[PDB]
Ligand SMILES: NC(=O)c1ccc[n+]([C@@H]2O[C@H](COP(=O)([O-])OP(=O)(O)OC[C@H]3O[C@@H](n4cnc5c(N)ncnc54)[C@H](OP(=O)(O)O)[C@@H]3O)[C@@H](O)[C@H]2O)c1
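Just the one chain here, the form solved without the named molecule, laid out as structure tokens.
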């Protein structure tokens, strides 16, 4: 059994990997060694201890990676580096894993000697897991995206912040709400007053999220005007499909909203050739066992295509499918997926299972 080291396994992403791994009994086929950065198991900074491992899996973060990985690969270490952080995604000797979508690229990469596998951007992975079919048939000319992203993507303190915010917004009008005859306008004045107050907790987001939204995620890239988050759409989607040469356009706006862990995305997809909505649904649905096609019905869309629905599940629903007024080659689609699973922990857990088989 291959010897595997785990780093950053106590964090949020790491914690979800552990549980998922335990649920699938992944520890039964490998030799797990756990590291830590504490000075209170081995030290995640002990390059020699890491050198003895066949595989390393980090959920620690980009900083850890940029400091340790180079030193380690320097010693000649021939092992496999599995990372959830973005730090190494674009490198020439690294592949962005999402096996249900790019298994071919991964197999080829293994046979070619690639030793670094990096999980991809939550937004992009959730997108590919949803409309993989389209990309597999080369039916996608481009895709305009608009996202509704969960606080879990920014971090655990960001989730707590969102919750405190909602808490204070209701408490600001708790008595008025119980009164079935109170003024709705006066109530709104109050909640808005609190959202704007000094003591309203916004240190983590840098603005209110609860009862609002933030149409800006990550750093600004002066080059294209995009945000690092928006850029990853074009960049990571193609590298994952193994199409860096003739890249398919993927672009849009990444917006943060008041949800805990599911990212939702509205798509306008330019198909290269006009097909009947009916065929398209099968091409979408048959691609993988997770994507779920939700019929364009109201009660069903309200019960299946929402964060409340998919949170903490591996299901990736896609619905509201239909042709867009711009013509028959234009497709409308809306999807929901859990950020911590297919958007973080799952892909990593999946490439690990493969590496120790």
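Residue numbers count along the first chain shown, from 1.
Not pictured, yet referred to below: the form deposited with the named molecule bound.
The three marked residues, 94, 109 and 347, fail to reach the named molecule in the deposited bound form, with no heavy atom of any inside 4.5 Å. The candidate stretches are 148 to 156, 278 to 286, 166 to 174, 129 to 137, and the one lying within 4.5 Å of the named molecule in the deposited bound form by heavy atoms is 148 to 156. With the partner omitted here, the residue from 70, 328, 62, 312 that has a non-hydrogen atom within 4.5 angstroms of the named molecule in the deposited bound form is 62. Proximity of residue 66 to the named molecule in the deposited bound form falls outside the 4.5 Å heavy atom cutoff. The shortest heavy atom separation between residue 85 and the named molecule in the deposited bound form is within 4.5 Å. Using a 4.5 Å cutoff between non-hydrogen atoms, residue 20 does not count as a contact of the named molecule in the deposited bound form. The closest non-hydrogen atom of residue 335 lies beyond 4.5 Å of the named molecule in the deposited bound form.
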